[PDB]
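Chains as they are written, first to last, in PDB author numbering: chain B, 18 to 125; chain A, 2 to 125; chain C, 5 to 125; chain D, 18 to 125.
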Amino acid sequence: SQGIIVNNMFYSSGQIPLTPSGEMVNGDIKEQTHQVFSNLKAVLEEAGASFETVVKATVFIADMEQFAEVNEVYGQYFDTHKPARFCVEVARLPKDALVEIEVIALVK
Amino acid sequence: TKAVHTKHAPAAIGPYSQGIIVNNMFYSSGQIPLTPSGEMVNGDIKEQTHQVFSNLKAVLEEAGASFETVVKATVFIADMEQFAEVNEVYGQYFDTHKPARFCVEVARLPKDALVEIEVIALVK
Amino acid sequence: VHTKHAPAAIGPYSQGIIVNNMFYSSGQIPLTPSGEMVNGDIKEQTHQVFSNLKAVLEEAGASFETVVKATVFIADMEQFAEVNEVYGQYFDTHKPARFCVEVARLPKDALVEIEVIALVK
Amino acid sequence: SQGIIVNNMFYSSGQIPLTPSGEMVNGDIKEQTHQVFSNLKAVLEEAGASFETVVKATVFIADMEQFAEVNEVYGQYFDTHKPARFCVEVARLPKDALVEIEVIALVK
Ligand SMILES: [Cl-]
Ligand SMILES: [Cl-]
Ligand SMILES: [Cl-]
Ligand SMILES: [Cl-]
Ligand SMILES: [Cl-]
Ligand SMILES: [Cl-]
Ligand SMILES: [Cl-]
Ligand SMILES: [Cl-]
Ligand SMILES: [Cl-]
Ligand SMILES: [Cl-]
Ligand SMILES: [Mg+2]
Ligand SMILES: [Mg+2]
Ligand SMILES: [Mg+2]
Ligand SMILES: [Zn+2]
Ligand SMILES: [Zn+2]
Ligand SMILES: [Zn+2]
Numbered sequence: 018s019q020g021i022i023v024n025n026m027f028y029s030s031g032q033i034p035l036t037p038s039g040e041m042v043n044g045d046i047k048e049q050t051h052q053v054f055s056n057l058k059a060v061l062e063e064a065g066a067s068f069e070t071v072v073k074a075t076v077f078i079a080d081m082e083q084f085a086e087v088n089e090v091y092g093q094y095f096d097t098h099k100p101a102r103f104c105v106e107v108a109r110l111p112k113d114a115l116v117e118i119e120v121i122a123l124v125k
Numbered sequence: 002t003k004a005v006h007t008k009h010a011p012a013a014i015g016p017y018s019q020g021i022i023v024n025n026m027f028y029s030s031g032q033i034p035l036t037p038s039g040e041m042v043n044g045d046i047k048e049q050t051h052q053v054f055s056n057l058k059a060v061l062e063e064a065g066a067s068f069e070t071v072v073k074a075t076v077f078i079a080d081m082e083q084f085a086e087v088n089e090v091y092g093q094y095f096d097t098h099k100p101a102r103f104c105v106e107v108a109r110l111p112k113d114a115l116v117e118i119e120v121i122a123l124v125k
Numbered sequence: 005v006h007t008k009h010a011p012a013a014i015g016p017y018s019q020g021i022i023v024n025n026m027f028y029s030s031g032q033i034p035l036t037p038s039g040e041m042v043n044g045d046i047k048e049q050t051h052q053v054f055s056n057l058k059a060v061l062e063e064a065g066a067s068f069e070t071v072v073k074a075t076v077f078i079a080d081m082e083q084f085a086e087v088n089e090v091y092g093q094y095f096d097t098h099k100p101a102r103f104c105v106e107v108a109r110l111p112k113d114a115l116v117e118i119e120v121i122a123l124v125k
Numbered sequence: 018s019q020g021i022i023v024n025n026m027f028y029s030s031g032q033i034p035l036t037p038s039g040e041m042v043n044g045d046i047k048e049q050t051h052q053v054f055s056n057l058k059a060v061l062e063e064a065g066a067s068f069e070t071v072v073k074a075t076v077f078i079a080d081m082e083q084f085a086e087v088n089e090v091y092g093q094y095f096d097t098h099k100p101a102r103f104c105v106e107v108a109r110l111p112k113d114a115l116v117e118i119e120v121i122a123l124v125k
């Protein structure tokens, strides 16, 4: 699975910049972040949630200096409701991933 | 053009408003935009953020830490749309060093306060 | 069953915030109705904290059963076990999905402080 | 490979109940938890840290009812030293994994 639902709340696993072919997406951190968001969109919908019901997002990043660029993409998908809480953490990510995002969302 | 913000003098450090040191790590209390005379600093969210950073610097130094040793910052904010402005000030104190973790939360803050920040830092 | 404590009268700035469907409490401390800190061991303080939590949850249209996260602040991590004995009396059949404990500088005479996140029904 | 070191802090990846041969340990959540701690010990050691310099632990489990049993074991390795921050949270773990722990420790 791609997460767990407990007590009306979906706790996703981390979504990475993976395309449906199994390759890491081509391009810069923005391109990767867009793919992370396509992957989140699908797991959120599957769970009965959406970008508008995310209460917390956690951004795992290879380099904290790249956060401004991730955040530009983040704001396009969370353009109706910015999550009330977010965290950003430097982490060791899978090979060629520059960004990974997990979310906590209310299930309607 | 080079841009500087004039550094604010810090609030007086109270005995329960500083923080605690455990196992070489300093865990600050949340610092709010109070000036040396105990009132909220004048001005917008950026001015309030500058005051918070001044107050942080004071408590970090008292604890034997500094901005360079901050490994986590949590920003408590009245309104998430004001994050961009807070982060503009954040980047002036955490310029050459960015803490490895940071979090932002919408929160209920004391009257007139638009921002509060707490830090975790390594005691050298 | 422990004697219920009388909740403090909590001011507008100490009763937290609702953002969309979620209530985010401020940290509740062992304050009594008379404005003084509980005089008693950490378990009595924790019971006080829980009655203050009960009051702020109910005013927000939430309850202990809708708490999805709790964070306990304590001066000494050695005291966690006793706080947790009390925690389990209020969070008995329902256990919040996330739970943290942190060492912190607390207000004068407070041995424990608790914040919660809860769904507004 | 596993985790990362930033500014004197080691941030481990989540350690699961796998033996050195890659097999999921036999037995209850307590036995699994002991294996997670052997695994944690190895990665802390590699990073130049120890249980004594762990400043935060996060425990992942499938159901929060499992916590008291995990914590009995946690208290054996974190006895005279108790990490200053401790979180527990529900998550989707790997097939057959009942428990997963990640730590943050000071690198002396
Ligand atoms: Cl873009
Ligand atoms: Cl400065
Ligand atoms: Cl850092
Ligand atoms: Cl400025
Ligand atoms: Cl953290
Ligand atoms: Cl829950
Ligand atoms: Cl009791
Ligand atoms: Cl060890
Ligand atoms: Cl510690
Ligand atoms: Cl055992
Ligand atoms: Mg939209
Ligand atoms: Mg908090
Ligand atoms: Mg984590
Ligand atoms: Zn694209
Ligand atoms: Zn100023
Ligand atoms: Zn009592």
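Built from N, CA and C at the ideal position, the CB exists for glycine as well.
Checklist entry - So residue 76 of chain D and residue 116 of chain D are in contact, right, with Cβ under 8 Å, and what is the actual spacing, rounded? => result 7 Å
Next on the checklist: Measuring only from the beta carbon, is residue 102 of chain B closer than 7 Å to any heavy atom that is part of ligand 5?
Outcome noted: no
Checklist entry - Does the pairing of the segment 103-122 of chain C with the segment 62-74 of chain C give three or more beta-carbon distances under 8 Å? => result yes
Checklist entry - Does the beta carbon of residue 36 of chain A fall short of 7 Å from some heavy atom of ligand 15? => result no
Next on the checklist: Closer than 7 Å between the C-beta and any heavy atom of ligand 7: which residues qualify, listed along the chain?
Outcome noted: C:6, C:47, C:51, C:89, C:90 and C:93
Next on the checklist: If contacts are defined as beta-carbon pairs under 8 Å, then residue 10 of chain A and residue 55 of chain A qualify, I think. What distance do you get, rounded to the angstrom?
Outcome noted: 7 Å
Checklist entry - Roughly how far, in whole angstroms, is the beta-carbon of residue 78 of chain B from the beta-carbon of residue 90 of chain B, given that I think they are within contact range, below 8 Å? => result About 12 Å separates the two Cβ atoms, so there is no contact after all.
Item to check | Selected residue, minimal CA-CA separation from residue 19 of chain A, among A:7, A:51, A:62 and A:3 | outcome: A:62
Checklist entry - Between the C-alpha atoms of residue 101 of chain D and residue 27 of chain D, what's the straight-line distance to the nearest angstrom? => result 15 Å
Item to check | Continuous alpha helix (DSSP H) assignments of at least 4 residues falling wholly in the segment 25-65 of chain C | outcome: 46-63
Next on the checklist: At a CB distance below 9 Å, what residues from the segment 99-113 of chain D approach chain A? Give them in sequence order.
Outcome noted: 100, 101 and 102
Next on the checklist: Quick check: the Cα distance between residue 37 of chain B and residue 53 of chain B, rounded to an integer number of angstroms?
Outcome noted: 12 Å
Checklist entry - Is residue 24 of chain A near ligand 9, in the sense that its beta carbon is under 7 Å from a heavy atom of that ligand? => result yes
Next on the checklist: I want to check one thing, is the minimum distance from the CB of residue 106 of chain D to the heavy atoms of ligand 12 below 7 Å?
Outcome noted: no
Checklist entry - Three-state secondary structure (DSSP) at residue 68 of chain D? => result helix
Checklist entry - Would you say residue 20 of chain A faces chain C, with C-beta separation under 8 Å as the test? => result yes
Checklist entry - Nearest-angstrom Cα distance between residue 33 of chain D and residue 44 of chain D? => result 14 Å
Item to check | CA nearest to the CA of residue 40 of chain C, picked from C:17, C:13 and C:85 | outcome: C:13
Checklist entry - Looking at the structure shown, is residue 20 of chain D part of a helix, part of a strand, or coil, going by DSSP? => result coil
Next on the checklist: Which residues of the segment 17-46 of chain A have a Cβ closer than 8 Å to any Cβ of chain D? Give them in chain order.
Outcome noted: 23, 24, 25, 26 and 28
Checklist entry - Quick one: Cα of residue 25 of chain C to Cα of residue 57 of chain D, how far? => result 38 Å
Checklist entry - So is the beta-carbon of residue 97 of chain B under 7 Å away from any non-hydrogen atom of ligand 11? => result yes
Checklist entry - Counting only beta-carbon atoms, is residue 76 of chain B nearer than 8 Å to chain C? => result no
Checklist entry - Which stretch, first to last residue, makes up the alpha helix (DSSP H) that contains residue 87 of chain A? => result 84-94
Next on the checklist: For residue 109 of chain C and residue 94 of chain A, which I take to be in contact (beta-carbon distance under 8 Å), what is that distance rounded to the nearest angstrom?
Outcome noted: No, residue 109 of chain C and residue 94 of chain A are not in contact; Cβ-Cβ is about 22 Å, not under 8 Å.
Checklist entry - In chain order, what residues of the same chain have a beta carbon less than 7 Å from the beta carbon of residue 113 of chain D, not counting five sequence neighbours either side? => result 41
Checklist entry - Is the shortest distance between the beta-carbon of residue 89 of chain B and the beta-carbons of chain A less than 8 Å? => result no
Checklist entry - Taking 7 Å as the cut-off, does the CB of residue 72 of chain D come closer than this to any heavy atom belonging to ligand 9? => result yes
Checklist entry - Can you give the beta carbon distance from residue 81 of chain D to residue 99 of chain C, rounded, assuming they're within the 8 Å contact cut? => result 4 Å
Item to check | Pick from A:97, A:70, A:69 and A:31 that is closest to residue 111 of chain A, judged by C-alpha positions | outcome: A:31
Checklist entry - Quick one: does the C-beta of residue 68 of chain B sit closer than 7 Å to a heavy atom of ligand 11? => result yes
Checklist entry - Taking C-alpha atoms, which residue in A:15, A:64 and A:97 lies nearest to residue 23 of chain A? => result A:64
Next on the checklist: Quick check on this structure: which residue in C:29, C:50 and C:97 has the alpha carbon closest to the alpha carbon of residue 6 of chain C?
Outcome noted: C:50
Item to check | Which residues DSSP lists as bridging residue 102 of chain A, in chain order | outcome: B:106 and A:73
Next on the checklist: Spatial neighbours of residue 35 of chain A within its chain, please: C-beta separation below 6 Å, excluding the five flanking residues on both sides.
Outcome noted: 12
Item to check | Residues that residue 17 of chain D contacts on chain A, provided the C-beta gap is smaller than 7 Å | outcome: The requested residue 17 of chain D is not part of the displayed model; chain D covers only 18 to 125.
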